[PDB]
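In structure tokens, one chain follows: the form solved without 5-bromonicotinamide.
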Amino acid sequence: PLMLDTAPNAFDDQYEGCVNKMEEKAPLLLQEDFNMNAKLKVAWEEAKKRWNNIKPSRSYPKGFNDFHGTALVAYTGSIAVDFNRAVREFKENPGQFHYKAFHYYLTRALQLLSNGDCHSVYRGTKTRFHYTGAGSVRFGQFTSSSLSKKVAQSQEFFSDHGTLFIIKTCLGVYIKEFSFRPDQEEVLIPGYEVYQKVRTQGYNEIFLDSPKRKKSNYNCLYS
């Protein structure tokens, strides 16, 4: 099983105070990520084509650019697994993290698209999660979820071997208009949101409540 805690070793940059500097530097950072991350480069090039098609259908927040849209599209893609891993195991060895620009653009995309809105979402997994009694929980890595418990419990994401999270989030963003699969009613949650109330029920249900934004362990690391 996997441990559920405050994600002490996860890269959790919120970029407080360095948004302007990052938008200027992230483009070169992205080329660097690409030069050492073939899978990301491929996933990005494909996400860009899809973004080009998505963009014309709606207006986006002031400042939301193609990097933001492409990063969000790519995340609902297959690159999500390796990216989440890289972020989760960051502190383990930060020297080989090749999502410097990607992480920034995805984080900023969610910040630009976020409002006050809180949601009741569900997340199903096939891997069992054990709450290690830290006192609160953060996912650390970005994590997808669905407004529909049915979607979350589908054989696509869930199994008896796994866990069903019942989450109240207030930083999560509804990104239906970015997902490769539009029936998922996906809500994307940043890894730095904290759940002050944690309750395990039975062998595979975990209720995460009292969401709150709190400072991250890392800030503007690559700025």
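Position 1 is the first residue in the sequence shown; the rest follow in order.
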Residue stretch of maximal mean CA temperature factor, 181 to 189 vs 162 to 170: 181 to 189
Greater mean Cα temperature factor according to the PDB record, 42 to 50 or 172 to 180: 172 to 180
Identity of residue with top Cα B-factor, from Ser148, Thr125, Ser136, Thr107: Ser148
Cα B factor band for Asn217 (lowest, middle or highest third within the chain): middle
B-factor third for the C-alpha atom of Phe97 within its chain: highest
Where the record places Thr143 (Cα B-factor, split into thirds across the chain): lowest
Ranked against its chain, the third holding the CA B-factor of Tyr195: middle
For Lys91, the third of its chain into which the C-alpha B factor falls: highest
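As for the form solved in complex with 5-bromonicotinamide, it is not shown, yet the points below apply to it.
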is_contact(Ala101, 5-bromonicotinamide) in the deposited bound form, heavy atom dist at most 4.5 Å: no
Any non-hydrogen atom of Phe157 within 4.5 angstroms of 5-bromonicotinamide in the deposited bound form: yes
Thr107: touches 5-bromonicotinamide in the deposited bound form, heavy atom cutoff 4.5 angstroms: no
Residue contact check: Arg123 to 5-bromonicotinamide in the deposited bound form, 4.5 Å heavy atom: yes
Candidate stretches 56 to 64, 36 to 44, 22 to 30, 184 to 192, one within 4.5 Å of 5-bromonicotinamide in the deposited bound form by heavy atom: 184 to 192
